[PDB]
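Quick setup: one chain, the form deposited in one PDB entry, written in structure tokens, and binding and motion questions come after.
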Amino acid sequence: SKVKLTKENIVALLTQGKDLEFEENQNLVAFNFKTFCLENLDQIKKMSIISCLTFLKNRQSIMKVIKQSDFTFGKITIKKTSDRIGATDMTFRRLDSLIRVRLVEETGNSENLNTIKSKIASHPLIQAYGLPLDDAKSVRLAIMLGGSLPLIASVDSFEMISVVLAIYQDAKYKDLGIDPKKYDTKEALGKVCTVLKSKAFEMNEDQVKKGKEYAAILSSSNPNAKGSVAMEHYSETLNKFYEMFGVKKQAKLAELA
């Protein structure tokens, strides 16, 4: 019946009259971060709450260094080769995701919640989002900004905070200064949903209740992306050029004949 996709079978597909079909799956299972998280979370737990927050704050800078070469810390090594990642392999996104899950777990402790709330108010994403940091749910949202939503969504109880944040990022991508060329905000929401359906997640009344509480906090936020702030800083002089680009007539007072 169905055969494996090979150079010889493509030749058979094109030169013979036999019905030929290829086996598309080529796998056993899709990647599951919930599983990866249970097996790898303890390893990052010997980190400091402060250090985890430092990782978050200097994400882009830290990522660059990890990307320079095969990054090894302890028993774990983050390979430079982007292609071929095993379900056991550690990538930057997976490291980033583990740390955020760890940070949210720590928000169940009153002391850690206060350290996290104080420190994360200084993070660039939190200020750009204009995120109000009052209660525990808002602090959790703060930890989530910039994280891989489709990965984190697979961890239990992270479903609603992930999908609601994805919706908000889709709706307000312009105000949040998200470049559509670098981050497909619709595709992200799609991947999160794929993850929820894979673990048979049902959005009952209790889950919707949680989500709205998350959504309210996101609504109460005042997004101020770096780009729009940069124009505000120069608006007084930028406007003087907009005026000059108003209506103008060509070849006025030519006086020809």
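We number the residues from 1 along the sequence you see. The term rigid core refers to the most C-alpha atoms you can superpose between the two forms while keeping them within 1.5 Å.
The PDB entry records a higher mean C-alpha B factor for 60 to 68 than for its counterpart among 186 to 194 and 60 to 68.
Per the PDB record, of the two stretches 109 to 117 and 157 to 165, 109 to 117 carries the greater mean B-factor over its C-alpha atoms. The entry assigns its greatest Cα B factor, within the set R140, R102, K174, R93, to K174.
Among all modelled residues in this chain, the alpha-carbon of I76 has a temperature factor (C-alpha) in the highest third. For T54, the recorded CA B-factor ranks within the lowest third of the chain. Only modelled residues enter the ranking. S122: CA B factor in the middle third of modelled residues in this chain (values from the PDB entry). Placement of the Cα temperature factor of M231 within the chain: middle third of the modelled residues, per the deposited record.
The deposited CA B-factor of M144 belongs to the lowest third of values across its chain.
If you look for the form deposited in another entry, you will not find it shown, but the lines that follow are about it.
The comparison between this form and the one not shown, aligned on the rigid core, picks out a single residue among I49, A225, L41, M63 whose CA moves by 2 Å or more, and that residue is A225.
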